[PDB]
Structures are given as structure tokens and as C-alpha cells.
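Below is one structure, written out as C-alpha cells, with a few remarks after it.
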Amino acid sequence: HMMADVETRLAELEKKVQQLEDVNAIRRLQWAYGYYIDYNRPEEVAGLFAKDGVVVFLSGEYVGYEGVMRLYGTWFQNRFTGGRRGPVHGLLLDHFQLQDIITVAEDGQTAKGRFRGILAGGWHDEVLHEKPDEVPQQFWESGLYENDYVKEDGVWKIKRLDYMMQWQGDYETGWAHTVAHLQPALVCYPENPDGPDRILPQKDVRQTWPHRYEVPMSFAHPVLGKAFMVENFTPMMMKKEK
Amino acid sequence: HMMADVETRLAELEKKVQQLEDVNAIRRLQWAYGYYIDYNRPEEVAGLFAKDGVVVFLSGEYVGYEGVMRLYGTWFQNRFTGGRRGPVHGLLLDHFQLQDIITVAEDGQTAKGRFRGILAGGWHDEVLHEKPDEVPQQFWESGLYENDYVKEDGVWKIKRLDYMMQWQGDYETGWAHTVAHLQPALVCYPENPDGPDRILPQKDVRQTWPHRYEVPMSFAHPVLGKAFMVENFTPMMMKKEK
Amino acid sequence: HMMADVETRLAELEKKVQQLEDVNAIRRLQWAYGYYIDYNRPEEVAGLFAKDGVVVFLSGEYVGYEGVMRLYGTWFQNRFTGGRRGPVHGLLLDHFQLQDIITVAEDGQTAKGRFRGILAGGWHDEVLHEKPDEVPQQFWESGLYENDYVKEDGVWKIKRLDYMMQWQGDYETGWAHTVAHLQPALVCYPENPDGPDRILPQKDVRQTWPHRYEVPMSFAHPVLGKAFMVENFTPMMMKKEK
Ligand SMILES: COc1cc([C@@H](O)[C@H](CO)c2ccc(O)c(OC)c2)ccc1O
Ligand SMILES: COc1cc([C@@H](O)[C@H](CO)c2ccc(O)c(OC)c2)ccc1O
Ligand SMILES: COc1cc([C@@H](O)[C@H](CO)c2ccc(O)c(OC)c2)ccc1O
């Protein structure tokens, strides 16, 4: 009666506190990922993943440490630094990370997270001779993440990092006058040395900016939850004919 | 003596843990609000509010689900998507949300929150024929929020969302060469179908960029609190005559 | 046996909860710092510091309330507002603050924090006559913070704020065509009225954009920790010869 209560409260607290630590830990993975990719440090990125982890980029799946090192190292690091750990003279790749919404499973062994990034990228004039031809000298980019996390032996890791690029703009023209200089993946590893292990099913392939596709929310409506229905609200607005 | 202590500690913890959950929940409302308005989904936004909730935009009060659906649906959704739930081809409305400072009431039934947003907005050339005339093709905007929250039947909701736009810049000219294309609200609903239920008192009406007005901090100085006084520090600097 | 357990759990919880409060409190210092510097309010900034606190700007150390008021007041406030507490007509100085990674000491009396800022800055045409000559009318800037915190009489304060500017871009040309208009500090107070008390050792002086230098991470690899080694991952990528 007296003790059963004290027990109850300590179980209810340990559960709530673990959850609060879990949210901190999972956000911490995404922010750390950001600081590493800003420095073209593919080794630190690879280490964030479970050994069966997957990263998705331009609708291509890169599998395990090897696939992550292939995306961030073989492709990105050679593209931006010619294969040096950054940062390096004149090379900007700032992926500002924000707006985390993390949903931890009730059992505390898996989670989802929505995040986004805005990238300021480019070669200063002093290092412009190092830039490849198929890339603007300076650009903006933004993307959404809907990631999966696994608590593996009590340690939060990235199960699935799914970066969906939403738009790019050349600094000089902006998003309104710029077509994405990246297209859905076509050729897999090993045919393509920069390529993914697998391409997503045909239906799920994202065409790039200006094309848009909904990235569905991993998180439930945070007030109405499962009780939220669009059609309970739509009738209150008026649709106009132009 | 022994048990009274154990009780004390469990009361002191349950209080601290609830607070930590409350901060997470309130930030979660603002970040969720962001993802919905990026998609021109006024129904999800309306659902975040208490039924006597208020949103303030350009010094106009929109009251309840109806008023929120009138701002985000009748006005914004028709303006940006011609009345479709987004996202849609070529239409960018990314309101990057950050820098939350949340102050929960001691009793845990109300809160305040300061937040801000920076908006990258526009129509790609491919959908430029859908853009209304009174709006730049592509622009930056930023604003501050000082919001009120109500824990209504143990559930955090928006009592008052007060977006105060601070500046806009056409992508091509930037903030320094751009006058706000939005002005303080003048005409109320029902006269104006896009209009607010009420306009703020005359004294409180904000003129727009380049005009600036302080948005006072909802949060106390986080080191000195109520002990903070400006005039204890001012004498240490030197004012210069130009 | 029964009670020793209950004790154990309450000690283990009080420790975990204090940590969660500490992370909130330390982030809160950086976000509050942001809102104050956006308003050219050097008094609120000074109050965030321990009395032996230090701020580092362009490789110069400003010591104590006086040194902070000298940086943010005597220098910055006169430069941007001619010595008025902001905000003021036509003057933009929005330092968007994000991507906090906080590491609290095991004993809970000191912490480190990595953060970053992106600054949208400038004078509208209407106040362009107030701008000094050595500054672009409108610009972007970004920087990294690796700060130290001290829990002084149970109250979190800034021990060391170390802003390392990473890049600037004139709005009209962007980061790729812009050299930093700020250089490493050369002349100390009192010779220089805007100058720092001390300049960092010669070795540690940062040259500015386009020059880049690593800002080492205050935080351990958040999955592998001390077990993380670069050379365990590098062999998995391929270095390419161009
Ligand atoms: C897969 O995770 C991410 C990928 C990106 C991309 O936007 C990268 C930047 O690192 C990229 C941008 C422009 C390019 O032209 C490019 O060429 C291959 C690559 C950003 C953030 C991620 O999390
Ligand atoms: C009221 O909440 C918000 C309002 C805004 C506005 O800046 C919106 C964007 O949704 C807006 C921008 C430019 C326009 O020309 C416009 O025409 C009506 C509307 C942003 C964030 C908010 O939280
Ligand atoms: C030391 O803390 C910070 C310093 C800055 C600087 O970028 C400031 C803006 O306040 C600055 C920018 C441009 C200038 O030309 C300038 O002249 C002295 C100063 C930003 C954030 C900080 O935390």
C-alpha cells in the first residue's frame, strides 16, 4: 500500500527520465552528423550507424559502414575536397541542422526523427580551379530527413538516414530560377563507383526540385493525435476559384 | 524521518520531470506548426489550438478554429497553392523554426515561448503563372513569435500564436533594398474575407520593415533574473559621438 | 536490501534529472545571448558571464563584465546603432542560433557547448547614412562557438564564449566572391579602445575566410566515443587522383 506506491512512482519516473535522455541522445546523433559532414569527415559519419544501417540519398540505398563511406567518402569527399578531411581553404559546406521532432517507441528500443537542413555550399574564387564542372560555384540547398534509430546494446545509433532534398538555388539566381543539379540515382555500385547498393522501388523514386512530393510526418498530430481528421476542419475555410 | 524524506524526493522529482516533459511538448507544438505551414495544411494548424485560441498576424486577431482556418486556409492556402493541401510543384514555403526559449508557469497549467522563423518562399519559373501580382517571385522573410500555451485537460495547446514579422527581402535585392510587401491589417472579417476578427489596440499596431519595434522577452535574464538591471552595466561602455 | 534499492534509484534519478535540467539551462544561455545581441543590448550579454568570464572574438580575449561591455557596447553598439539599445529603424542584426551539442562534466560544476550562428545583417537604404565605411550595406556571416560554462553557486554562467567566424558574404556577391571584412585582432586595450585585453598565442590566431581552420569538437563521438578511430574507416573509401 505505502511501499507499492513508492515502487509505482520510481518505475513511472525511471521510464519518463529514460525517454527524456533518449530524445536528447537521438537529436545529438543528427547534430553530430551535421558537424562531421560540414568537415567532409566520412569516418565519423560511418561510425554513427548500426552495422546494418542504411543511408538514402537521391532515392539510392547505401548499406553498412562500406556504403556510408562510399557515399560520404568516395563520392562527396573527392567531389568537394579531392579526398582530404576538411575543413580546407575556400571550401564551404555548412549544413545547418534544425527543427527535430523525435518519436521514441513505447519499448524504448527504436525511434523515428524528422529533421531538416539548409546548406550554404561553395568554392571561394581562390579554390574555384578545384570545383568540378557539373556544380555551381555557390548555392543554397534544403532537405528533409525522416530517420530511423535503433538502441543497440543500450546505445542509440542510426538505423536509416533518409535525406530527401527539397530544393537548390544557385546563389546568383535563387531557388525560383534554378533546376536541381542532382537527379534521382540511376546506376548502382559496382557499375557506378559512387552509386548506391540498391535503388528504391520505381513508385517511391523522388524527382527533384522543381518537382515536389510530400514527406509524410513520422509524428502524430501533437494535440489531437489519432483523433485528428482533416475533413473536420476543411469546411471552415473557403476555396477561391483563381 | 526516513519515509518523509523518500516522499519529499519523489514529489521534488515528479515536479522536475513534468517540467522537462512540458518544455519538450511546447517546443514540439511550434516545430509541428512549422512543418504544417510549409505544406499549406491549415487543418493540422487549426487542430493545435485551444478552442478559444487566437493567432495574431500583421496586428490582427483571428479567433478559434474558424479564425485559424480563415488565416491559414482562406487567405494563405488560396494565395500560395490556389487552395490545395501542399506541397505542390514549384512552390516553396520553408519556414525554418528555431531558438526556442520556453518559460513554464510554476503551477504547470500555462507557458510562454519565444521562437523565431526564417522563411525561404517562392514560385519556380515553371509555376510563376500561378503567383499573385502583389508578391515577389522569391523572397526571404523573418519573424519572432512570443506565444502563450495552455495545458488543457493535461494536453499542451496553443492559447495565442503571435507572429511578428521583422523583415522581408526580395531574393534579388535583399533586406536592405526591400520594403515589406505586407502592412498592418486594416479591415476585419466579415468586411474583409481574409481579415482578422479584431485589430490590436491602435498603440500596439506594428508598422512593418524597415520600421522596427522591440518584441519584449517573455523570459527573465537567465543568470541574474529579477536582479538584472541595465544601468548596473551601461556605465562600463563608452558612447561615441558619430 | 528493500530500502537500499529505493535509495539507490532516487540517487540515480536525481543525478539524471539534474543533468537534463543542466543541458536545458546551458542551451538557454546561448539562445538568450542570441536574442540580446540581435537588439544591441550589451548589458544583458555582460550579465550572462561569470565575473572572471572571457569572450573571444577575432582571436582577442575580453575579460570580465568590463571587457564584454567593451566588445558588445563600446565596439559593436556604437558600430551598428551609434550607441542606442536596439532594435532601431532599418537596422538588421539577426544572429540565428542553432545545433547545440552540450557536454556536462560528470561532477555537474562545468560544461562545454558547441553551437553555431548564421547572421543576416545590414542597414536598410533609409538608414544607410548611419553605416560606417568599412562595412558592406548587407551581408551574411556564419560562425562556430565552442564555449565553457561554470555552475557558480548552483547557477549556470558563461565562463568562456569563443566565437570563431567561419565565413562572410556580401548579400550581392555571396561567400564565394567575398573576403572577410574582419581580420584577426592586432591592437589591445588600452591602446585600442575596441581592442581585447589579450591576443591569443601567435600559433592559435585564426586568419579569416577564405582561410579555414578546424574548430575541434568539444563532444566525443556519440556512438563509439573514445573507441572511435578514423583509420578503422578510411580504408573503406577510395581516394581519386583529381
Ligand atoms: C545524404 O545526406 C546529405 C546529403 C546532402 C547533399 O546535399 C550533399 C551535401 O553534403 C550535396 C550537395 C550538392 C551536391 O552537388 C552534391 O553532389 C554530390 C552533394 C546534404 C545533407 C545530407 O545530410
Ligand atoms: C501567422 O504565422 C505566420 C505567418 C507567416 C507569413 O510570413 C506568411 C508565410 O506563411 C506570408 C509571407 C509572405 C506573404 O506575402 C504572405 O502573404 C499573405 C504571407 C510566416 C510564418 C508564420 O508563423
Ligand atoms: C563575439 O560574438 C559574436 C560576434 C559576431 C560578429 O559577427 C559581429 C555581429 O554581432 C560583427 C559582424 C560583422 C561586423 O562587421 C562586425 O564589426 C565589428 C561585427 C556575431 C556573433 C557573435 O556571437
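Labeling convention for the C-alpha cells: chains A, B, ... as they appear, residues from 1 per chain, ligands from 1 in order of appearance.
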
From range 127-207 of chain C, collect each residue whose DSSP state is strand (DSSP E) and return the set as an mmCIF file with N, CA, C and O atoms, in the first residue's frame.
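Listing of out_10.cif after writing:
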data_model
loop_
_atom_site.group_PDB
_atom_site.id
_atom_site.type_symbol
_atom_site.label_atom_id
_atom_site.label_comp_id
_atom_site.auth_asym_id
_atom_site.auth_seq_id
_atom_site.Cartn_x
_atom_site.Cartn_y
_atom_site.Cartn_z
ATOM 1 N N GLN C 138 24.782 45.146 -46.658
ATOM 2 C CA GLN C 138 24.027 43.948 -46.246
ATOM 3 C C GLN C 138 24.910 42.714 -46.496
ATOM 4 O O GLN C 138 25.651 42.634 -47.521
ATOM 5 N N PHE C 139 24.909 41.809 -45.534
ATOM 6 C CA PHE C 139 25.777 40.632 -45.641
ATOM 7 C C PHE C 139 25.192 39.469 -44.849
ATOM 8 O O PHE C 139 24.344 39.642 -43.898
ATOM 9 N N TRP C 140 25.691 38.298 -45.226
ATOM 10 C CA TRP C 140 25.591 37.036 -44.452
ATOM 11 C C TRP C 140 26.905 36.848 -43.703
ATOM 12 O O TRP C 140 27.934 37.113 -44.311
ATOM 13 N N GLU C 141 26.840 36.226 -42.519
ATOM 14 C CA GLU C 141 28.022 35.718 -41.796
ATOM 15 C C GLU C 141 27.677 34.417 -41.085
ATOM 16 O O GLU C 141 26.524 34.230 -40.683
ATOM 17 N N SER C 142 28.615 33.508 -40.949
ATOM 18 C CA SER C 142 28.384 32.362 -40.049
ATOM 19 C C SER C 142 29.645 32.096 -39.231
ATOM 20 O O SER C 142 30.773 32.310 -39.737
ATOM 21 N N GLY C 143 29.425 31.524 -38.057
ATOM 22 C CA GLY C 143 30.472 31.228 -37.082
ATOM 23 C C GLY C 143 30.095 30.044 -36.225
ATOM 24 O O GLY C 143 28.901 29.680 -36.145
ATOM 25 N N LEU C 144 31.119 29.431 -35.662
ATOM 26 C CA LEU C 144 31.010 28.344 -34.668
ATOM 27 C C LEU C 144 31.385 28.860 -33.276
ATOM 28 O O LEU C 144 32.314 29.666 -33.155
ATOM 29 N N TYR C 145 30.713 28.345 -32.250
ATOM 30 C CA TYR C 145 31.042 28.606 -30.831
ATOM 31 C C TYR C 145 31.509 27.275 -30.240
ATOM 32 O O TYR C 145 30.808 26.288 -30.485
ATOM 33 N N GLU C 146 32.616 27.267 -29.498
ATOM 34 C CA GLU C 146 32.953 26.205 -28.525
ATOM 35 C C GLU C 146 33.173 26.920 -27.194
ATOM 36 O O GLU C 146 34.249 27.529 -27.025
ATOM 37 N N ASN C 147 32.146 26.902 -26.351
ATOM 38 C CA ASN C 147 32.037 27.697 -25.113
ATOM 39 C C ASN C 147 32.297 26.818 -23.881
ATOM 40 O O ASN C 147 32.152 25.556 -23.981
ATOM 41 N N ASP C 148 32.727 27.456 -22.795
ATOM 42 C CA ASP C 148 32.838 26.846 -21.453
ATOM 43 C C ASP C 148 31.820 27.477 -20.529
ATOM 44 O O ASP C 148 31.624 28.663 -20.635
ATOM 45 N N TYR C 149 31.234 26.662 -19.655
ATOM 46 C CA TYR C 149 30.193 27.021 -18.664
ATOM 47 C C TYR C 149 30.707 26.594 -17.275
ATOM 48 O O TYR C 149 31.527 25.639 -17.154
ATOM 49 N N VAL C 150 30.301 27.377 -16.282
ATOM 50 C CA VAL C 150 30.600 27.173 -14.853
ATOM 51 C C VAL C 150 29.271 27.290 -14.100
ATOM 52 O O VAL C 150 28.486 28.222 -14.392
ATOM 53 N N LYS C 151 28.959 26.282 -13.283
ATOM 54 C CA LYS C 151 27.826 26.307 -12.321
ATOM 55 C C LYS C 151 28.344 26.985 -11.072
ATOM 56 O O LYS C 151 29.103 26.380 -10.364
ATOM 57 N N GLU C 152 28.024 28.249 -10.913
ATOM 58 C CA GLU C 152 28.625 29.079 -9.866
ATOM 59 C C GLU C 152 27.507 29.322 -8.871
ATOM 60 O O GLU C 152 26.515 30.037 -9.238
ATOM 61 N N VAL C 155 24.291 28.140 -10.219
ATOM 62 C CA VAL C 155 23.711 28.930 -11.343
ATOM 63 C C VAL C 155 24.637 28.854 -12.542
ATOM 64 O O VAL C 155 25.784 29.211 -12.403
ATOM 65 N N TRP C 156 24.135 28.363 -13.668
ATOM 66 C CA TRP C 156 24.934 28.232 -14.908
ATOM 67 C C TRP C 156 25.214 29.617 -15.462
ATOM 68 O O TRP C 156 24.257 30.433 -15.651
ATOM 69 N N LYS C 157 26.494 29.829 -15.749
ATOM 70 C CA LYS C 157 27.024 31.062 -16.355
ATOM 71 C C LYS C 157 28.055 30.708 -17.433
ATOM 72 O O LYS C 157 28.624 29.572 -17.449
ATOM 73 N N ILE C 158 28.302 31.704 -18.268
ATOM 74 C CA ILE C 158 29.303 31.612 -19.340
ATOM 75 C C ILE C 158 30.643 31.868 -18.678
ATOM 76 O O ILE C 158 30.846 32.939 -18.111
ATOM 77 N N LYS C 159 31.519 30.888 -18.799
ATOM 78 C CA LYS C 159 32.918 31.011 -18.386
ATOM 79 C C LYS C 159 33.709 31.592 -19.554
ATOM 80 O O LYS C 159 34.532 32.469 -19.360
ATOM 81 N N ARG C 160 33.452 31.088 -20.740
ATOM 82 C CA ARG C 160 34.217 31.429 -21.954
ATOM 83 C C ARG C 160 33.270 31.310 -23.132
ATOM 84 O O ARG C 160 32.732 30.190 -23.337
ATOM 85 N N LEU C 161 33.051 32.431 -23.817
ATOM 86 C CA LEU C 161 32.329 32.417 -25.104
ATOM 87 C C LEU C 161 33.372 32.643 -26.200
ATOM 88 O O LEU C 161 34.067 33.636 -26.178
ATOM 89 N N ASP C 162 33.551 31.670 -27.075
ATOM 90 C CA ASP C 162 34.605 31.700 -28.107
ATOM 91 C C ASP C 162 33.902 31.575 -29.452
ATOM 92 O O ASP C 162 33.580 30.444 -29.831
ATOM 93 N N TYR C 163 33.566 32.728 -30.036
ATOM 94 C CA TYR C 163 33.010 32.876 -31.396
ATOM 95 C C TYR C 163 34.164 32.888 -32.389
ATOM 96 O O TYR C 163 35.020 33.796 -32.350
ATOM 97 N N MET C 164 34.160 31.868 -33.240
ATOM 98 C CA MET C 164 35.071 31.716 -34.383
ATOM 99 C C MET C 164 34.303 31.898 -35.711
ATOM 100 O O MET C 164 33.628 30.955 -36.211
ATOM 101 N N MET C 165 34.397 33.094 -36.277
ATOM 102 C CA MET C 165 33.761 33.406 -37.589
ATOM 103 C C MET C 165 34.319 32.496 -38.687
ATOM 104 O O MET C 165 35.543 32.310 -38.773
ATOM 105 N N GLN C 166 33.440 31.900 -39.485
ATOM 106 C CA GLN C 166 33.856 30.880 -40.479
ATOM 107 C C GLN C 166 33.818 31.492 -41.865
ATOM 108 O O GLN C 166 34.725 31.189 -42.671
ATOM 109 N N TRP C 167 32.817 32.335 -42.145
ATOM 110 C CA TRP C 167 32.672 32.964 -43.473
ATOM 111 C C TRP C 167 31.758 34.179 -43.404
ATOM 112 O O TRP C 167 30.919 34.254 -42.510
ATOM 113 N N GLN C 168 31.963 35.084 -44.350
ATOM 114 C CA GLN C 168 31.048 36.217 -44.625
ATOM 115 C C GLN C 168 30.792 36.235 -46.119
ATOM 116 O O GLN C 168 31.625 35.704 -46.816
ATOM 117 N N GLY C 169 29.645 36.761 -46.536
ATOM 118 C CA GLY C 169 29.307 37.052 -47.946
ATOM 119 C C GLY C 169 28.493 38.328 -48.017
ATOM 120 O O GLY C 169 27.476 38.448 -47.287
ATOM 121 N N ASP C 170 28.934 39.293 -48.805
ATOM 122 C CA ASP C 170 28.079 40.435 -49.179
ATOM 123 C C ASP C 170 26.831 39.845 -49.805
ATOM 124 O O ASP C 170 26.975 38.866 -50.543
ATOM 125 N N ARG C 198 43.754 40.769 -24.199
ATOM 126 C CA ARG C 198 44.926 39.944 -24.608
ATOM 127 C C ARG C 198 44.650 39.359 -25.979
ATOM 128 O O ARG C 198 43.450 39.184 -26.328
ATOM 129 N N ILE C 199 45.695 39.087 -26.743
ATOM 130 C CA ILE C 199 45.518 38.369 -28.034
ATOM 131 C C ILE C 199 45.990 36.948 -27.763
ATOM 132 O O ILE C 199 46.832 36.804 -26.885
#

**Request:** Write out as a ChimeraX atom specification each polymer residue (protein, DNA or RNA) that has an atom no more than 7 Å from ligand 1, with only C-alpha atoms and all ligand atoms counted.
**Result:** /A:37,55-57,75-76,79,93,95,117,119,135,141,163,165,181-182

**Item:** Atomic distance CA of residue 112 in chain A - CA of residue 203 in chain A, expressed in Å with one decimal
**Value:** 22.6 Å

**Prompt:** Any idea which chain B residues end up within 6 Å of chain C if we count only C-alpha atoms, as number ranges by chain please?
**Reply:** B: 99, 176, 210-212, 214, 223, 230, 233, 236-239

**Message:** Which residue is closest to ligand 2? Choose from B:40, B:208, B:218, B:8 and count only C-alpha atoms and all ligand atoms.
**Reply:** B:40

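Residue nearest residue 174 in chain B, chosen from B:136, B:204, B:110, B:58 and counting only C-alpha atoms: B:136.
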
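Among the candidates C:180, C:111, C:101, C:63, the residue lying nearest to ligand 3 is C:180 (atoms considered: only C-alpha atoms and all ligand atoms).
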
**Asked** Looking only at the backbone, which of the residues in range 118-223 of chain C does DSSP tag as helix (DSSP H, G or I), as a PyMOL selection string?
**Response** chain C and resi 125-130+175-177+202-204

**Request:** Would you mind reading off the distance between CA of residue 234 in chain C and CA of residue 209 in chain C, one decimal, in Å?
**Result:** 28.2 Å

**Complete:** Atom pair CA of residue 201 in chain C + CA of residue 62 in chain C, distance 14.4 Å
